[PDB]
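Content type PDB, N, CA and C atoms, from the file work_36.pdb:
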ATOM      1  N   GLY A   1       0.616   8.898   5.087
ATOM      2  CA  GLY A   1       1.619   8.984   4.049
ATOM      3  C   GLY A   1       1.228   9.939   2.946
ATOM      4  N   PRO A   2       2.068  10.936   2.671
ATOM      5  CA  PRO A   2       1.854  11.888   1.596
ATOM      6  C   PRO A   2       2.440  11.389   0.282
ATOM      7  N   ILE A   3       1.612  11.257  -0.753
ATOM      8  CA  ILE A   3       2.141  10.791  -2.038
ATOM      9  C   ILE A   3       2.698  11.961  -2.819
ATOM     10  N   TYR A   4       3.526  11.658  -3.795
ATOM     11  CA  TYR A   4       3.983  12.673  -4.710
ATOM     12  C   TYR A   4       3.229  12.501  -5.994
ATOM     13  N   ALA A   5       2.479  13.494  -6.388
ATOM     14  CA  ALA A   5       1.643  13.333  -7.545
ATOM     15  C   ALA A   5       2.142  14.200  -8.667
ATOM     16  N   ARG A   6       2.568  13.545  -9.724
ATOM     17  CA  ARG A   6       2.984  14.226 -10.917
ATOM     18  C   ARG A   6       1.735  14.701 -11.629
ATOM     19  N   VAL A   7       1.437  15.972 -11.489
ATOM     20  CA  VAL A   7       0.214  16.500 -12.045
ATOM     21  C   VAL A   7       0.397  16.783 -13.521
ATOM     22  N   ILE A   8      -0.412  16.117 -14.328
ATOM     23  CA  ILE A   8      -0.265  16.164 -15.771
ATOM     24  C   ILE A   8      -1.290  17.089 -16.409
ATOM     25  N   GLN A   9      -2.007  17.833 -15.574
ATOM     26  CA  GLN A   9      -3.058  18.717 -16.052
ATOM     27  C   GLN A   9      -3.653  19.495 -14.895
ATOM     28  N   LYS A  10      -3.172  20.697 -14.673
ATOM     29  CA  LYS A  10      -3.769  21.551 -13.670
ATOM     30  C   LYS A  10      -3.694  23.012 -14.078
ATOM     31  N   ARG A  11      -4.490  23.791 -13.389
ATOM     32  CA  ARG A  11      -4.640  25.218 -13.617
ATOM     33  C   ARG A  11      -3.916  25.970 -12.509
ATOM     34  N   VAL A  12      -4.008  27.292 -12.495
ATOM     35  CA  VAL A  12      -3.308  28.089 -11.489
ATOM     36  C   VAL A  12      -4.289  28.732 -10.497
ATOM     37  N   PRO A  13      -4.895  27.902  -9.631
ATOM     38  CA  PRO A  13      -5.846  28.309  -8.615
ATOM     39  C   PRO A  13      -5.173  28.527  -7.259
ATOM     40  N   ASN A  14      -5.324  29.714  -6.710
ATOM     41  CA  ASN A  14      -4.727  30.041  -5.423
ATOM     42  C   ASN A  14      -5.546  29.458  -4.275
ATOM     43  N   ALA A  15      -5.053  29.626  -3.049
ATOM     44  CA  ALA A  15      -5.784  29.209  -1.848
ATOM     45  C   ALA A  15      -7.097  29.982  -1.699
ATOM     46  N   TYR A  16      -7.321  30.890  -2.619
ATOM     47  CA  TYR A  16      -8.527  31.701  -2.647
ATOM     48  C   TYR A  16      -9.579  31.042  -3.531
ATOM     49  N   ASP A  17      -9.211  29.913  -4.127
ATOM     50  CA  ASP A  17     -10.111  29.180  -5.011
ATOM     51  C   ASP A  17     -10.808  28.093  -4.222
ATOM     52  N   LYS A  18     -11.330  28.484  -3.059
ATOM     53  CA  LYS A  18     -11.797  27.537  -2.054
ATOM     54  C   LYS A  18     -10.623  26.664  -1.637
ATOM     55  N   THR A  19      -9.440  27.277  -1.717
ATOM     56  CA  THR A  19      -8.164  26.664  -1.406
ATOM     57  C   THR A  19      -7.862  25.520  -2.359
ATOM     58  N   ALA A  20      -7.277  25.876  -3.478
ATOM     59  CA  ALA A  20      -6.883  24.901  -4.476
ATOM     60  C   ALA A  20      -5.379  24.958  -4.732
ATOM     61  N   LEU A  21      -4.861  23.912  -5.359
ATOM     62  CA  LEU A  21      -3.440  23.830  -5.690
ATOM     63  C   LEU A  21      -3.134  24.566  -6.979
ATOM     64  N   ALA A  22      -2.263  25.556  -6.902
ATOM     65  CA  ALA A  22      -1.833  26.279  -8.082
ATOM     66  C   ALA A  22      -0.628  25.601  -8.704
ATOM     67  N   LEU A  23      -0.912  24.703  -9.622
ATOM     68  CA  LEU A  23       0.114  23.871 -10.245
ATOM     69  C   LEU A  23      -0.267  23.538 -11.687
ATOM     70  N   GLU A  24       0.599  22.856 -12.399
ATOM     71  CA  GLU A  24       0.510  22.816 -13.844
ATOM     72  C   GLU A  24       0.868  21.428 -14.376
ATOM     73  N   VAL A  25       0.571  21.187 -15.651
ATOM     74  CA  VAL A  25       0.954  19.948 -16.312
ATOM     75  C   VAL A  25       2.469  19.737 -16.260
ATOM     76  N   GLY A  26       2.870  18.661 -15.605
ATOM     77  CA  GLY A  26       4.267  18.294 -15.532
ATOM     78  C   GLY A  26       4.844  18.542 -14.157
ATOM     79  N   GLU A  27       4.027  19.091 -13.271
ATOM     80  CA  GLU A  27       4.507  19.509 -11.961
ATOM     81  C   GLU A  27       4.267  18.432 -10.912
ATOM     82  N   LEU A  28       4.542  18.764  -9.661
ATOM     83  CA  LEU A  28       4.472  17.792  -8.582
ATOM     84  C   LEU A  28       3.725  18.368  -7.384
ATOM     85  N   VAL A  29       2.656  17.687  -6.987
ATOM     86  CA  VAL A  29       1.909  18.045  -5.790
ATOM     87  C   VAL A  29       2.045  16.947  -4.740
ATOM     88  N   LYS A  30       2.474  17.320  -3.551
ATOM     89  CA  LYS A  30       2.661  16.361  -2.481
ATOM     90  C   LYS A  30       1.427  16.352  -1.585
ATOM     91  N   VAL A  31       0.527  15.415  -1.843
ATOM     92  CA  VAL A  31      -0.715  15.325  -1.096
ATOM     93  C   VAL A  31      -0.468  14.825   0.314
ATOM     94  N   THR A  32      -0.742  15.698   1.276
ATOM     95  CA  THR A  32      -0.535  15.408   2.686
ATOM     96  C   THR A  32      -1.803  14.862   3.329
ATOM     97  N   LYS A  33      -2.911  14.911   2.608
ATOM     98  CA  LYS A  33      -4.134  14.324   3.107
ATOM     99  C   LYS A  33      -4.687  13.376   2.061
ATOM    100  N   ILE A  34      -4.499  12.093   2.296
ATOM    101  CA  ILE A  34      -4.787  11.079   1.295
ATOM    102  C   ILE A  34      -6.139  10.399   1.495
ATOM    103  N   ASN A  35      -6.626   9.792   0.424
ATOM    104  CA  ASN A  35      -7.891   9.073   0.448
ATOM    105  C   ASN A  35      -7.829   7.877  -0.502
ATOM    106  N   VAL A  36      -8.960   7.238  -0.762
ATOM    107  CA  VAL A  36      -8.989   6.092  -1.664
ATOM    108  C   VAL A  36      -9.401   6.491  -3.088
ATOM    109  N   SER A  37     -10.328   7.434  -3.201
ATOM    110  CA  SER A  37     -10.914   7.790  -4.491
ATOM    111  C   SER A  37      -9.936   8.581  -5.359
ATOM    112  N   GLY A  38      -9.239   9.531  -4.747
ATOM    113  CA  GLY A  38      -8.351  10.395  -5.492
ATOM    114  C   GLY A  38      -8.683  11.859  -5.282
ATOM    115  N   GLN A  39      -9.762  12.118  -4.556
ATOM    116  CA  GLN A  39     -10.149  13.481  -4.208
ATOM    117  C   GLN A  39      -9.509  13.866  -2.884
ATOM    118  N   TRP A  40      -8.257  14.282  -2.939
ATOM    119  CA  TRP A  40      -7.502  14.558  -1.725
ATOM    120  C   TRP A  40      -7.098  16.013  -1.626
ATOM    121  N   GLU A  41      -6.488  16.352  -0.501
ATOM    122  CA  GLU A  41      -5.994  17.691  -0.286
ATOM    123  C   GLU A  41      -4.490  17.696  -0.487
ATOM    124  N   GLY A  42      -4.043  18.560  -1.375
ATOM    125  CA  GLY A  42      -2.678  18.522  -1.828
ATOM    126  C   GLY A  42      -1.863  19.677  -1.296
ATOM    127  N   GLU A  43      -0.566  19.468  -1.182
ATOM    128  CA  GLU A  43       0.346  20.531  -0.817
ATOM    129  C   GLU A  43       1.511  20.546  -1.792
ATOM    130  N   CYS A  44       1.693  21.646  -2.489
ATOM    131  CA  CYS A  44       2.780  21.741  -3.434
ATOM    132  C   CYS A  44       3.746  22.823  -3.004
ATOM    133  N   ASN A  45       4.806  22.388  -2.311
ATOM    134  CA  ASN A  45       5.846  23.266  -1.751
ATOM    135  C   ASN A  45       5.364  24.699  -1.496
ATOM    136  N   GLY A  46       4.368  24.837  -0.628
ATOM    137  CA  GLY A  46       3.881  26.156  -0.258
ATOM    138  C   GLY A  46       2.432  26.410  -0.653
ATOM    139  N   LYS A  47       1.912  25.648  -1.603
ATOM    140  CA  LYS A  47       0.497  25.755  -1.950
ATOM    141  C   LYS A  47      -0.291  24.658  -1.243
ATOM    142  N   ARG A  48      -1.398  25.014  -0.610
ATOM    143  CA  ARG A  48      -2.259  24.024   0.027
ATOM    144  C   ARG A  48      -3.677  24.131  -0.525
ATOM    145  N   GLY A  49      -4.328  22.991  -0.714
ATOM    146  CA  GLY A  49      -5.674  22.980  -1.259
ATOM    147  C   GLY A  49      -6.186  21.572  -1.498
ATOM    148  N   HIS A  50      -7.037  21.393  -2.509
ATOM    149  CA  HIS A  50      -7.633  20.081  -2.791
ATOM    150  C   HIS A  50      -7.914  19.900  -4.283
ATOM    151  N   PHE A  51      -7.772  18.663  -4.776
ATOM    152  CA  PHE A  51      -7.958  18.354  -6.201
ATOM    153  C   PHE A  51      -8.162  16.849  -6.418
ATOM    154  N   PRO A  52      -8.668  16.443  -7.608
ATOM    155  CA  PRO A  52      -9.008  15.056  -7.907
ATOM    156  C   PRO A  52      -7.902  14.281  -8.632
ATOM    157  N   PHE A  53      -8.098  12.961  -8.687
ATOM    158  CA  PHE A  53      -7.152  12.016  -9.287
ATOM    159  C   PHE A  53      -7.228  12.069 -10.810
ATOM    160  N   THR A  54      -8.325  12.633 -11.301
ATOM    161  CA  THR A  54      -8.650  12.673 -12.722
ATOM    162  C   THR A  54      -7.471  13.077 -13.607
ATOM    163  N   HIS A  55      -6.665  14.012 -13.132
ATOM    164  CA  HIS A  55      -5.583  14.559 -13.938
ATOM    165  C   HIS A  55      -4.263  14.615 -13.174
ATOM    166  N   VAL A  56      -3.915  13.502 -12.532
ATOM    167  CA  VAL A  56      -2.617  13.358 -11.877
ATOM    168  C   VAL A  56      -2.082  11.934 -12.037
ATOM    169  N   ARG A  57      -0.765  11.811 -12.030
ATOM    170  CA  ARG A  57      -0.086  10.521 -12.090
ATOM    171  C   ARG A  57       0.918  10.477 -10.955
ATOM    172  N   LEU A  58       0.664   9.671  -9.949
ATOM    173  CA  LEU A  58       1.354   9.850  -8.696
ATOM    174  C   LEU A  58       2.236   8.684  -8.300
ATOM    175  N   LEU A  59       3.347   9.050  -7.686
ATOM    176  CA  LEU A  59       4.237   8.130  -7.028
ATOM    177  C   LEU A  59       3.761   7.928  -5.596
ATOM    178  N   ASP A  60       4.366   6.975  -4.923
ATOM    179  CA  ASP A  60       3.817   6.426  -3.697
ATOM    180  C   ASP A  60       4.021   7.361  -2.516
ATOM    181  N   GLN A  61       3.337   7.033  -1.436
ATOM    182  CA  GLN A  61       3.320   7.857  -0.233
ATOM    183  C   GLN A  61       4.252   7.311   0.829
ATOM    184  N   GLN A  62       4.827   6.151   0.568
ATOM    185  CA  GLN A  62       5.832   5.606   1.459
ATOM    186  C   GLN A  62       7.212   6.103   1.046
ATOM    187  N   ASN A  63       7.256   6.907  -0.017
ATOM    188  CA  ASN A  63       8.522   7.419  -0.535
ATOM    189  C   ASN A  63       8.539   8.947  -0.622
TER
END

Structure encoded using structure tokens:
Amino acid sequence: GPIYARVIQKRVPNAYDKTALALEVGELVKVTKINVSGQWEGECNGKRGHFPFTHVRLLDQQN
């Protein structure tokens, strides 16, 4: 299940940033690779990469 994570604090890192999500405060990253800790791999409508739970507020993965 991919969650929708309302990212409340992110930078603009391309897939060249060891493949990171280029997204921003207030945006939405749909994590297609989930975990328990919050260090998952995210996909934001065309951006693929990985980031932590530290600065995201996410809706569920069953939705």

| said: Restricting the calculation to only C-alpha atoms: of A:53, A:48, A:6, A:37, which residue gets closest to residue 22 of chain A? | reply: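 Of A:53, A:48, A:6, A:37, the one nearest residue 22 of chain A is A:48, counting only C-alpha atoms.
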
| query | Neighbours of residue 40 of chain A within 6 Å (only N, CA and C atoms; same-chain residues fewer than 5 positions away dropped), as a ChimeraX atom specification? | reply | /A:33-35,49-53

| request: Would you list, as JSON, numbers by chain, the residues of chain A that end up in strand (DSSP E or B) under DSSP run on this structure's backbone? | output: {"A": [3, 4, 5, 6, 7, 27, 28, 29, 30, 31, 32, 33, 40, 41, 42, 43, 44, 47, 48, 49, 50, 51, 56, 57, 58, 59]}

| Resolved residues for the PyMOL selection byres ((chain A and resi 30) around 6.5) as a list in words | residues 2, 3, 4, 5, 28, 29, 31, 32, 33, 41, 42, 43, 44 and 45 of chain A

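The space separating atom CA of residue 15 of chain A from atom CA of residue 62 of chain A comes to 26.5 Å.
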
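The space separating atom C of residue 14 of chain A from atom C of residue 46 of chain A comes to 9.3 Å.
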
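Distances here use only C-alpha atoms; by that measure, the residue among A:47, A:58, A:1, A:38 closest to residue 19 of chain A is A:47.
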
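One distance worth recording is that between atom CA of residue 21 of chain A and atom CA of residue 57 of chain A, which is 15.1 Å.
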
| message | Restricting the calculation to only C-alpha atoms: of A:55, A:24, A:13, A:18, which residue gets closest to residue 39 of chain A? | response |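 When distances to residue 39 of chain A are compared using only C-alpha atoms, the smallest one comes from A:55.
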
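In this comparison, which uses all atoms listed in the file, the residue of A:63, A:12, A:7, A:54 approaching residue 26 of chain A most closely is A:7.
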
Each side padded by 5 Å, which centre and which edge lengths in Å (one decimal) define the axis-aligned box around the listed atoms of segment 24-30 of chain A? Give them as JSON.
{"center_x": 2.7, "center_y": 19.6, "center_z": -8.9, "size_x": 14.3, "size_y": 16.5, "size_z": 24.7}
